[PDB]
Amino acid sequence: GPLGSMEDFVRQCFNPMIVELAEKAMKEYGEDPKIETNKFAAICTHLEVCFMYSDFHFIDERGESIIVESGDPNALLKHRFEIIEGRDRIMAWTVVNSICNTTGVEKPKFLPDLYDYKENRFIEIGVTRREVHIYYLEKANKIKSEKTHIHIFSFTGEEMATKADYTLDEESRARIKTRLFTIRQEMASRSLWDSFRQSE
């Protein structure tokens, strides 16, 4: 088949909000999305997974975690997760500091992806085109904050999480895995996958 451009793929297959946040992040770190294109797709993918991990998860009036998949959550519901990824540096640390000095949870050395108000911990999300165990160890060795929970997804459906604690129900994680499989399949139709996989 014809070889498509990763640029076209990203713009067609991700929400404009996600694409814009990804471009802003790459700029901040001095990478050009029109040149590091496999990286731009990876950043979008990771951001989307962070959002999906958060979606539909609330804390109810009794303080219990619940799932609301309709469009309207009753006004008394609280989002279960704080999303750190996607924010610029200053705002991201502002949010982390607020959580920390409030909940008593200790300050991570690197910006994590999420904070879980049910489990009372930061989460680092990872999305890998390689074996989940290898990537898990890489993340763990990088942060070693060792209060930060790590949850790794691969494009082929494997997961690895700290202490075999997967935080979410199967259905939620299935949504994420389905999305990753969709991304892989579409890239493959455009002959973009092989190179995207090998670039990590």
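Numbers follow the displayed sequence, beginning with 1.
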### Summary
Between 140 to 148 and 161 to 169, the record assigns the higher mean Cα B factor to 140 to 148
### Which of 31 to 39 and 170 to 178 has higher mean CA B factor, as the PDB entry lists it
31 to 39
#### Entry: Identity of residue with top Cα B-factor, from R121, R87, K107, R80
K107
### Query
Between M26, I59, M52, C44, which one tops the list for C-alpha B-factor in the PDB entry?
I59
### Query
Going by the entry, which third of its chain does the Cα temperature factor of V95 land in?
middle
